[PDB]
Every structure is written in C-alpha cells, then in structure tokens.
S.K.: 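Could you have a look at this structure, given as structure tokens, before my questions?
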Amino acid sequence: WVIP
Amino acid sequence: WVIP
Amino acid sequence: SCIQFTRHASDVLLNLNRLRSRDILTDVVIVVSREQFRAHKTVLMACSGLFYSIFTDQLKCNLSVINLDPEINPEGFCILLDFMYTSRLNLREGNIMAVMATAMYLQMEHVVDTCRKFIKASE
Amino acid sequence: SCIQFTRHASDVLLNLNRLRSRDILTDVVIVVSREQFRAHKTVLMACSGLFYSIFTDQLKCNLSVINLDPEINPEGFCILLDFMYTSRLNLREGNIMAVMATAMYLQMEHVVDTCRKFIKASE
Ligand SMILES: N#Cc1cnn2c(Nc3ccc4c(c3)CC(=O)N4)cc(Cl)nc12
Ligand SMILES: N#Cc1cnn2c(Nc3ccc4c(c3)CC(=O)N4)cc(Cl)nc12
Ligand SMILES: [Cl-]
Ligand SMILES: [Cl-]
C-alpha cells in the first residue's frame, strides 16, 4: 500500500 | 514497454 | 521472449471503471439494505473471494440481483466497490471499522490486512 | 486522502485472464477466418478502439458473434488478445507485420507504436  |  | 506494457493493467482498470460509471455491460445489482450498486460480475469475482464463490456457482451465476447480509454497511460496500474498480481505498477513522468488516465478509485479504495495521497503530 | 494497493490492477487482470482460460462469463466469440476466440466484451472494449466502438453501438452491443475483416490474420489476433489479458506481447520477426496490421485495425495505439519502433530499428 502507498500514498498515490 | 519493458523486458519483464 | 515477450515485451510488456507497464501501464496496460492500470489502463484496463480505468476503462472498466468508465464502463461502470456509464452503466455499460453491467450484469448484476448488489443490494445492501436500502441501497443498490450496479457492477460487472467478472470484476467482482476478480476482487473478492465471496463473489468468486457466488458467481462460479451453477445457479447463482445467472442471478441479476444479489442481496448481501443485512449487517453489511452500504458505505463500507461503496468504498470497497470503488477500490475494486480503481485500486484506491478511501480509509478514514470514521469508516475503518465498517470497511474492515465488509472486507472480511467480501474476502478481500489485502484490504483486511491494512485495516488491521491501521487499527493497531491507533491502539 | 485515499491509499492505493500497487498490485491491484495487475491482480484484477490476472483473474480476468483466468476467467477467459476457464471460459467463465465470456459473452462473445470473435471470428477471424477459420478461427474462433471467446472473450469478455468489457475487456475487449477496455483495450481496443475498434471493440469500444462496436460494443457501444445500440445494435452490435447485443451480438454474441463478431466477424472480423477477412484480411485479419488469426495468429496476429491471438497475440493481441493474449496481450489484452496479460500486458505481455509476443512480438517476433516472423509475426511483427501481422501484429502491427491487426493492432492498427483493432486501434491499439501503444502496440502500433512499438511495432513501428521495432521495424524502424531493423531497417
Ligand atoms: N477463473 C477465475 C477467477 C476469477 N476470480 N478469481 C479469483 N478471485 C478471488 C478469489 C479469492 C480472493 C480474491 C479474488 C481477492 C482475495 O483477497 N481473495 C481467484 C481465482 Cl484462483 N480465480 C479467479
Ligand atoms: N465506458 C467506457 C469505456 C470502455 N472502453 N473505453 C475506451 N476504450 C478504448 C478506446 C480507444 C482506444 C483504446 C481503448 C486503446 C487504444 O489504443 N485506443 C475508451 C474510453 Cl474513453 N472509454 C471506454
Ligand atoms: Cl483486496
Ligand atoms: Cl495498446
């Protein structure tokens, strides 16, 4: 999971 | 396009 | 010896979400209490262990309407349906419990994982 | 304020290809001369300007069989259909002309681009  |  | 187009999978998913917004080729309505959500069975199966089980069933595969358990929160389902079609999860303090419970019911393991990690960090 | 799961789009496409291999929820047969290819209309539209035009048409959207132009090479179509479902293109010296012509007909601009660049490098 990432900060887009 | 890339070499996978 | 194949070559691969890096953005292809993302581009496919973007167009599947465009089809959903325009209601093109949607073949099922998911009923969550008083709310209705139109979707493509193939996308639902691709994202969820629950829908994969439902739509491989020789009788349920032909249903145009699926009713979810009355304990399922419509907003939680909406957030997860948006995630299925975009890879983006609108996870907030006010919705995390509903999102995690819906993800457990829908059998969306990666979403359950992250909800667990976000809750653990706040305790 | 969304979070994003990097591998989600690839995971969706992998499951759509699994559905194609098992012939689950396929809703169209594409006829290319003597050969037949089963597929999902939604994936075809998401990948190809030609299929996007065909399946948004108020009459063609309901057809279960689509016949392509007799000049279309079945192997070229097969290679492009595999690409649609996997992001991988089996581009070879012996098939590049057929792949590029099929990609132009199917309106798959990124494939046409690369076929053009690979041909230019050999001249
Ligand atoms: N054919 C086919 C096919 C269509 N969909 N699909 C799967 N869909 C699925 C099943 C379980 C889970 C998820 C997705 C996300 C998750 O957390 N669990 C799996 C397989 Cl093995 N195959 C297929
Ligand atoms: N709704 C919808 C929807 C479904 N599919 N789709 C598009 N599919 C497409 C159209 C043109 C081209 C390609 C894909 C690859 C290419 O080279 N050209 C576009 C839009 Cl703007 N919208 C949609
Ligand atoms: Cl997931
Ligand atoms: Cl393309």
Side-chain angles (χ1 to χ4, degrees), chain A residues 1, chain B residues 1, chain C residues 2-26 38-40 42-52 76-77 79-89 91 99-100 102-108 110-116, chain D residues 3-16 39-57 60-61 76-77 79-89 91 99-100 102-108 110-116:
Chain A
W1 292 85
Chain B
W1 292 85
Chain C
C2 288
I3 57 175
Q4 176 185 269
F5 191 66
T6 304
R7 294 247 85 212
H8 181 73
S10 177
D11 288 351
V12 166
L13 195 65
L14 188 76
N15 281 328
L16 295 179
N17 198 30
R18 283 174 173 155
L19 288 169
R20 184 179 65 118
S21 72
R22 298 172 59 187
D23 201 37
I24 299 163
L25 285 164
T26 52
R38 292 204 51 89
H40 302 98
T42 57
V43 177
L44 294 185
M45 297 169 81
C47 298
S48 156
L50 185 74
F51 291 125
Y52 172 59
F77 185 79
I79 287 158
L80 288 173
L81 185 58
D82 282 345
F83 170 73
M84 292 187 196
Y85 278 87
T86 64
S87 309
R88 295 164 66 93
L89 189 73
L91 196 57
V99 171
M100 183 173 71
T102 312
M104 288 168 64
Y105 170 80
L106 297 180
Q107 301 161 36
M108 297 170 72
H110 294 307
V111 174
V112 174
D113 185 61
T114 314
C115 283
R116 287 203 200 276
Chain D
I3 57 175
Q4 176 185 269
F5 191 66
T6 304
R7 294 247 85 212
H8 181 73
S10 177
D11 288 351
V12 166
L13 195 65
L14 188 76
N15 281 328
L16 295 179
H40 302 98
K41 287 172 182 174
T42 57
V43 177
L44 294 185
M45 297 169 81
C47 298
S48 156
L50 185 74
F51 291 125
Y52 172 59
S53 290
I54 293 165
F55 302 127
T56 50
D57 177 89
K60 299 184 187 76
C61 66
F77 185 79
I79 287 158
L80 288 173
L81 185 58
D82 282 345
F83 170 73
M84 292 187 196
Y85 278 87
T86 64
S87 309
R88 295 164 66 93
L89 189 73
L91 196 57
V99 171
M100 183 173 71
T102 312
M104 288 168 64
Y105 170 80
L106 297 180
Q107 301 161 36
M108 297 170 72
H110 294 307
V111 174
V112 174
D113 185 61
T114 314
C115 283
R116 287 203 200 276

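In what follows, every chain begins at residue 1, and chains take the letters A, B, ... in the order their sequences are listed. Just follow the structure's listing: the first ligand is 1, and inside any ligand the first atom is 1.
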S.K.: Looking only at distances, please establish whether an N/O atom of ligand 2 is found under 3.5 Å from an N/O atom of C/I24.
M.R.: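 Not met; the criterion fails.
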S.K.: Of the non-hydrogen atoms in C/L25 and D/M45, which two are nearest, and what is the gap between them?
M.R.: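 Between these two residues, the closest heavy atoms are CD1-SD, 3.5 Å.
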S.K.: Which atoms from ligand 2 have a heavy atom of D/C47 less than 4.0 Å away?
M.R.: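 Ligand 2 atoms under the 4.0 Å threshold to D/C47: 14 (C), 15 (C).
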S.K.: Parallel, tilted or perpendicular: which fits the ring planes of C/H40 and C/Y85, with parallel below 30° and perpendicular above 60°?
M.R.: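 The arrangement is tilted - the two ring planes meet at 30° to 60°.
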S.K.: Pull out every atom of ligand 2 sitting under 4.0 Å from any heavy atom of C/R22, numbered as shown with elements.
M.R.: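 Every atom of ligand 2 under 4.0 Å from some heavy atom of C/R22: 1 (N), 2 (C).
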S.K.: Is the closest side-chain heavy-atom distance between D/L89 and D/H110 below 4.5 Å?
M.R.: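 Side chain of D/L89 against side chain of D/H110, heavy atoms only: no contact under 4.5 Å found.
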S.K.: Provide the number and element of each atom of ligand 2 under 4.0 Å from a heavy atom of D/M108.
M.R.: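 Heavy-atom distances to D/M108 below 4.0 Å select 17 (O).
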S.K.: May I ask you to list the atoms of ligand 2 that are less than 4.0 angstrom from any heavy atom of C/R18?
M.R.: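 Result: 1 (N), 2 (C), 21 (Cl), 22 (N).
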S.K.: Report yes if the side chains of C/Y105 and C/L50 come closer than 4.5 Å at any heavy-atom pair, otherwise no.
M.R.: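 Contact flag for C/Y105/C/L50 side chains = yes.
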S.K.: Show the atoms of ligand 2 that are less than 4.0 angstrom away from any heavy atom in D/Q107.
M.R.: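 That gives atoms 12 (C), 15 (C), 16 (C), 17 (O), 18 (N) of ligand 2.
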S.K.: Counting C-beta onward and ignoring hydrogens, is there a side-chain heavy-atom pair between C/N17 and C/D82 closer than 4.5 Å?
M.R.: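 No - every pair of side-chain heavy atoms lies 4.5 Å or more apart.
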